[PDB]
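1. Sequence first, structure after; it's an experimental one.
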Amino acid sequence: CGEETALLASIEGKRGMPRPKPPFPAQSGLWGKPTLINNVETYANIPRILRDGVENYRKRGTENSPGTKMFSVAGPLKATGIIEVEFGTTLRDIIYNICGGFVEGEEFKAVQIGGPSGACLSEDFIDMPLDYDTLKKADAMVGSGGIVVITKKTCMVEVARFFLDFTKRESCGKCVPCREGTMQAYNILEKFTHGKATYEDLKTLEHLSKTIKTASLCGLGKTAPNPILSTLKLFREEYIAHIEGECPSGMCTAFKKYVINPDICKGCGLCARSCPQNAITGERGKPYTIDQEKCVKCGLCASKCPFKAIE
Amino acid sequence: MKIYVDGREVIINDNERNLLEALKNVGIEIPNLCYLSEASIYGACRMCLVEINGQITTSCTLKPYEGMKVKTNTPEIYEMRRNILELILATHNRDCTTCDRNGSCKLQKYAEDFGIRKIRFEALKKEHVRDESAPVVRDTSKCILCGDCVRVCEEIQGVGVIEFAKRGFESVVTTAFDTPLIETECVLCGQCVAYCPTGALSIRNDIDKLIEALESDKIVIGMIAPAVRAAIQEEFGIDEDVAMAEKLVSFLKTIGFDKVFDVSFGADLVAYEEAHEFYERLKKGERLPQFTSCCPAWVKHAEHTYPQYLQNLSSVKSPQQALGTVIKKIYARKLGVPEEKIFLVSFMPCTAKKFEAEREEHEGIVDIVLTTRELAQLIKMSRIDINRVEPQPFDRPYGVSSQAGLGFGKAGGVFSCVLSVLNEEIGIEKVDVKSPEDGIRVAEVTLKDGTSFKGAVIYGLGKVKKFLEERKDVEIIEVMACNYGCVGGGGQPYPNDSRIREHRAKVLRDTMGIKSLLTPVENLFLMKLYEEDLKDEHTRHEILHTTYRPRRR
Amino acid sequence: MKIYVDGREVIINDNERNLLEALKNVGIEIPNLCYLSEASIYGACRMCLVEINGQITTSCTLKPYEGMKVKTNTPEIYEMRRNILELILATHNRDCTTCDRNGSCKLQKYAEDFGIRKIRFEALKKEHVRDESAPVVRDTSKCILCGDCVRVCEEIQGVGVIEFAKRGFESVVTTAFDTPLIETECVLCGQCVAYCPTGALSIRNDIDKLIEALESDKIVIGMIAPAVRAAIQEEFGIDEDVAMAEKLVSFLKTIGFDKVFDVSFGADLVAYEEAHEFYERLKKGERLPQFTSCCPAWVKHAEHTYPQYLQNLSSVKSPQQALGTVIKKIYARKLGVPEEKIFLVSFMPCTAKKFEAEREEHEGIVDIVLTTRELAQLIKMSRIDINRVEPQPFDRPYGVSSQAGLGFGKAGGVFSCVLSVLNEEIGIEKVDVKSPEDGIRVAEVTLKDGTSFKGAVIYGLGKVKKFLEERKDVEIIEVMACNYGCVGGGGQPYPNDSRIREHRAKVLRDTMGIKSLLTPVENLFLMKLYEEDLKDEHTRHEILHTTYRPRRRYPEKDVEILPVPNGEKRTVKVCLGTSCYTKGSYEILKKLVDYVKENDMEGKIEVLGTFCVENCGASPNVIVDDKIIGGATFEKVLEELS
Ligand SMILES: Cc1cc2nc3c(=O)[nH]c(=O)nc-3n(C[C@H](O)[C@H](O)[C@H](O)COP(=O)(O)O)c2cc1C
Ligand code: SF4
Ligand code: SF4
Ligand code: SF4
Ligand code: SF4
Ligand code: SF4
Ligand code: SF4
Ligand code: SF4
Ligand code: SF4
Ligand code: SF4
Ligand code: SF4
Ligand code: SF4
Ligand code: FES
Ligand code: FES
Ligand code: FES
Ligand SMILES: [Zn+2]
């Protein structure tokens, strides 16, 4: 319903289904009449501009992004809440001077600036002025105004999976690309977080992300793979680690658990060879049970199992 | 308009809504899954992608201009198109052998053409809805969510019993609260089936029952609707035969039908009775306007929507039920055989006739109803060249009919035949036919002795609401649920669009042109039936008259 | 003869084998699932039931007779036919969207016509086989057990690698012991696929690789086989069309191909090289008779069956490999681009070319091979009318070829090209051609100087055995695995019977006729290639020549009891033969199994069962680390395991 056409449809009492935009809402919106749609912050800005002068209003900001922007900063930080910063303020300033750094035991890994339709940023982009034009040539954007900091204890594959789950739930189901591809990409990510992925799955995810971005009818689908693309470009190594092992950050394996699948276990050896804790003690020929009392969750069992059954 | 497609000269029309249709008109085709029927809209498939000014976009929502360059086929577009098609196929119920669109499915043809021999997209599980309660069968596992059925039901038929529910991956076209169709206000017109591009909307197939009956010791008796003979030629991909009904009679005899009758005889009978009762109502002036009751879909719609007009409905049952009642209650007696020994088979162009045959009022008269598609399947099973079959007439005494009787197959048939009967009994001075809009025709009819009256012909459910609200000065209203009448019925061969229905109507008109008998009164067998079995009023009511009851949830 | 069909007078024919064929000749069709290809027989479908004298019987096994009253349609026959079709469809893998016969399947058309909309019978489960290890893909869940592929492989191809196995509900057409087709003696001719009426046998589709390559930054280079242009028009249902190859070039360039070449140029080059090699062999009278190596199916067949003739095979590689090697090794240098940047796509009518491109001696030259059907799918995806596409010529310098080079597409093409090359080099006084059999032609050729030889052209594998056994008076033999040559290849459009193959040969002959230059030397580009790049013999040998190795199955297939998939182990094998079983061996096996049950926590020990090791009379035998013990027992194998 944040889509302009969907918003107008939902105001009329119908399903918030977006539609192609030959007749832009400005020329014909509600019941075909010209309609002006703007965000809350823009309407709030209007009276401030009128009260001040153009030069007075432009005295703060950037030559192309004058004024200020209100952000809601979340994540583990000493002080989290609504902030208002002049355009051009870097993310380091917001995260360390206006939020007072992180709580003890938390480091900086990434930050999300526009939610599902936003982008993932790392320590290389943290020191960059927040400007509408600057972020476009950075694979990013200022976004709606939501900022969430990501610590070193969270898995980025899990972040992408969470965003794709949200988008898959919120898809209106009108066009094939968004409706079907978001579900398929979420399934691929769900496999990734469970150690069932493969390089072929990664290639499928990349190509499907491109297809969803290019072919989706409206903005929701077009930006649906934005978390996937950003997180891939910045943490391909984490993706690989999930492919050929376990979660580097431990988030996936922290609350998960390894179980031997007896349906496809013929009781061969191995397992114990690498397991430092020897949590197998199986019966030869039959499925080898995994003793969970002393399972540090290292993930070496799955790394080498000819008949992949380390579930 | 000078545009370049794949680096060459292309001349398109000046004013085109979108580049896709311009290219189509000129001759260039772009794969897509949006243009699927007459009630189709663009923007959902997203398969018409083209390269404009270095950016990929859909050609169905792109306005053409002068000198534009479009790359219609590029490797990026190739990958996107195959990805979209495989996304569709991953969740689709890929069992074409038991599908009603097998052989005429666009998705099947694209899967064949795109070389999709596997799906790397895992088959996700969807809460699919399968329904078998009504002659119109639902199966959401074959649905591509094009929305054509919803538009057909709402905009065209005016019922709107099926709509998009839920959202996202769980998007489904269903009834309110997944209610079975037979329990909703669906009139079973089958137009959604006529427009569905997949097997998600199908007609219940009853060939097994027919074969079981033919194998039994029962006297199997068939009757062919007037509009079936004007469309069966399309299933065989051959030219219309004005003598197709006789060939169907011959073929049905070859497969073990004891008797084959013409439902046009029942149409003559119904028109005679209905004209008599309408003139009686005119005389006294009670229960007006009179509504025809030969369309079961319209009858059910009136029961659901117009409980105040049930007394206004004509008490005469539809030609199918009238002829079936006559058969099983008179012909069986004259054959010295019990009624239960007869298996009456009806070959109809309509899915609502299946519902009518199963109604409590007519239960046990028509044992089974088969559509034109089902008769075509019967003919295809035997592999007999129907074009080379030697025609033979219909069996007596219900094998002949007049032009007016055979005219029931198209909209305006029962009204025309009623006017024929009236003019035969009480002459007609003049008829001033008027055409307020595409699907409505109002005619001023003046009789030799008395005043005049206006009769209205409305084909296509949905126009009835506006007409009845706006108009309050017509004495007789004839309502057909399907556009063009029964030639566009939901049981007709697929695809059936406006052009196909007009062609079928033309074929039916040509078939009517060769009939010597012009009015039901001339029908000698019909008059014999009235003067031998239906002599008394009581038997006439108990054999030809039915009743209606309101429908509510 | 006069017969009565459904009560009407019908005149069938004078002499006929059965009622079904006679009525079909008349034009009266009875539904059936037996006549499905040229290798079909009658009696299995049981769907042709007709009624005569009261009793129902199959019309395919019914000899017609004068004035016979036959009813081909009765309610009982409808019931039986629908029951049979429902039985077939109950256990059939009904996924037509991903099937290779979608839109050209008789079973699918019958399911449509018979109005089968639900399965009254149970879709019972079978031990189906899904072999995808070879360009020919097997999926027995779509098999209707018609047996056409078995007859094609045995009677027509002479290999017999696929046969009926088991019986009853478990009847299955498969290889011996369910061995992957890639590991059997299969030559991958694809004829079984060409005759298969369902999707059970199909070709491995590699369109995805081509699309991802085109989407990449690599330079994609295409080369089209001579016989691809002679049959592609069938997929679109249009008439023969000379200049098909040039509009194919236009379409391929439209979809992003940087260069498109003609494999006929490679055919000319191969013919030149092989003519010179054969002349050297003749002048030396050694390594004769000579066999053409242009057909990879025949090459693999020889490696499997004639290890003694591998020295007689032409050293020259096939036109596909020759042209691809020339491209990758010379054209890349001329263009100043690394070989890794070039992506080479081959459009062939053959499934064995997929195997050839993946051979070890040809590694990395041809990136992907696409059959005629895959190219037709590429065209159909775009939805452009190829008939309306304006043709443009092939790309230089490998775009032109002589009529002889384009003749490679049908049987006798390479022999005729070699003859033309020799004639130009040293005239030919005369040629006498005989036809001992249908698919065998023998030519007696006299050269101007006076030395003469004999050459035979054999198309259709399976005719080679008798010819090689009885004829020993030839010096050069052309062998094509498929009937009519490559116009009837495995990857050609379906159906692929003899009439369409003859029409394809006629189309290719018409295409040949409009070519100006007649012999390979008249090809200026080929002579320039020799003068600039292949000037010396060393480069020519490394570019255009290959070596062949014998093929022999290496089956160990020992009984598995407690196997270990991988890793260093002991692989103890216990003999399970009668002599060994007569005393101990089974007891020893039980004791060892229980030992690894209590000990051997990891996969250090691998307990195997093996058949007689030809050491009988020396007590029970227990193989350890592939070593013979004799008089083995639990302690004697434990000591060795220590
Ligand atoms: C999925 C989606 C959600 C959106 N949600 C909002 C929203 O919540 N509030 C908003 O102001 N704009 C939202 N937008 C942006 C609108 O589509 C549109 O750009 C808006 O009219 C811009 O208003 P503005 O010029 O005042 O920023 C959303 C867009 C998309 C694609
Ligand atoms: S992209 Fe998603 S939200 Fe937008 S129209 Fe398509 S399905 Fe609906
Ligand atoms: S390695 Fe795999 S197959 Fe072998 S015992 Fe462990 S889980 Fe089972
Ligand atoms: S995950 Fe690591 S610690 Fe746990 S059972 Fe496997 S090898 Fe042992
Ligand atoms: S709609 Fe029916 S015929 Fe078409 S693809 Fe789906 S199952 Fe096959
Ligand atoms: S049969 Fe007619 S009323 Fe019923 S759902 Fe279909 S279109 Fe609507
Ligand atoms: S049921 Fe048929 S017409 Fe309706 S949305 Fe699904 S595919 Fe389209
Ligand atoms: S108009 Fe004819 S075909 Fe349509 S619902 Fe009524 S009776 Fe059936
Ligand atoms: S062989 Fe293929 S196309 Fe034919 S019925 Fe089976 S799945 Fe369908
Ligand atoms: S490809 Fe040829 S050799 Fe191989 S199984 Fe088929 S017919 Fe036999
Ligand atoms: S694999 Fe094909 S040709 Fe062989 S028996 Fe089965 S259906 Fe017949
Ligand atoms: S004859 Fe031609 S098509 Fe057949 S296997 Fe040999 S090269 Fe391939
Ligand atoms: S034609 Fe379907 S989205 Fe363009
Ligand atoms: S044709 Fe198949 S058994 Fe007679
Ligand atoms: S039985 Fe064991 S060696 Fe022969
Ligand atoms: Zn993780």
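-> Cool, the structure landed. Numbers count the residues shown, from 1 in each chain, chains lettered A, B, ... in the order given. Ligands and ions are numbered 1, 2, ... in the order given.
2. which residues does the residue of chain A found nearest ligand 6 contact?
-> Nearest residue of chain A to ligand 6, counting by CB to the nearest ligand atom: residue A:15, 18.8 Å away. Heads up, the C-betas are built off the backbone N, CA and C, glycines and all. By CB atoms under 8 Å, 6 or more residues apart in numbering or on different chains, residue A:15 lies in contact with A:9, A:172, B:164, B:167.
3. so which strand or helix has the second one?
-> Right, the one you point to is residue A:172. Here residue A:172 sits in a region with no helix or strand, counting by DSSP states H and E.
4. roughly how far apart are it and residue A:9?
-> Here the distance between residue A:172 and residue A:9 works out to 10 Å (CB to CB, to the nearest Å).
5. Comparing the two, which residue is more hemmed in?
-> Neighbour count, other CB atoms under 10 Å in any protein chain shown: between residue A:172 and residue A:9, residue A:172 has more, with 23 against 19.
6. isn't that one right next to residue A:220, touching?
-> Yes: between residue A:172 and residue A:220 a contact is recorded at 7.4 Å, counting by CB atoms under 8 Å.
7. helix/strand/coil for the nearest residue to residue B:528 once chain neighbours are set aside?
-> Take residue B:528 and drop its neighbours on the chain: the residue closest to it by CB to CB, 6 or more residues apart in numbering or on different chains is residue B:397, 7.1 Å away. The three-state label given to residue B:397 by DSSP: H, G, I helix; E, B strand; the rest coil is coil.
8. which residues touch residue B:80?
-> The neighbours of residue B:80, taking CB under 8 Å, 6+ apart as the test, are A:210, A:211, A:214, A:215, B:49, B:56.
9. Could you do residue B:404 as well?
-> Going by CB under 8 Å, 6+ apart, residue B:404 touches B:267, B:268, B:271, B:413, B:416, B:417, B:420, B:421, B:518, B:519, B:520.
10. do that again at 6 Å, thanks
-> Applying CB atoms under 6 Å, 6 or more residues apart in numbering or on different chains to residue B:404 gives the contacts B:417, B:420.
11. Got the phi and psi for it?
-> With angles defined as degrees, to the nearest 10, residue B:404 sits at phi -60, psi -40.
12. gap between it and ligand 14?
-> Separation of residue B:404 from ligand 14 (CB to the nearest ligand atom, to the nearest Å) stands at 49 Å.
13. mind listing the helices for the stretch 201-311 of chain A?
-> Taking DSSP state H, counting those that start in this stretch as the test, the helices found in the stretch 201-311 of chain A are A:219-222, A:226-243, A:251-254, A:300-303.
14. Redo these as JSON lines? Include distance to residue A:128 and mean neighbour count.
-> Converted to JSON lines, the helices of the stretch 201-311 of chain A look like this (distance: least, CB to CB, whole Å; neighbours: other CB atoms under 10 Å in any protein chain shown):
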{"stretch": "helix A:219-222", "distance to residue A:128": "24", "mean neighbour count": "20"}
{"stretch": "helix A:226-243", "distance to residue A:128": "14", "mean neighbour count": "20"}
{"stretch": "helix A:251-254", "distance to residue A:128": "27", "mean neighbour count": "18"}
{"stretch": "helix A:300-303", "distance to residue A:128": "38", "mean neighbour count": "17"}
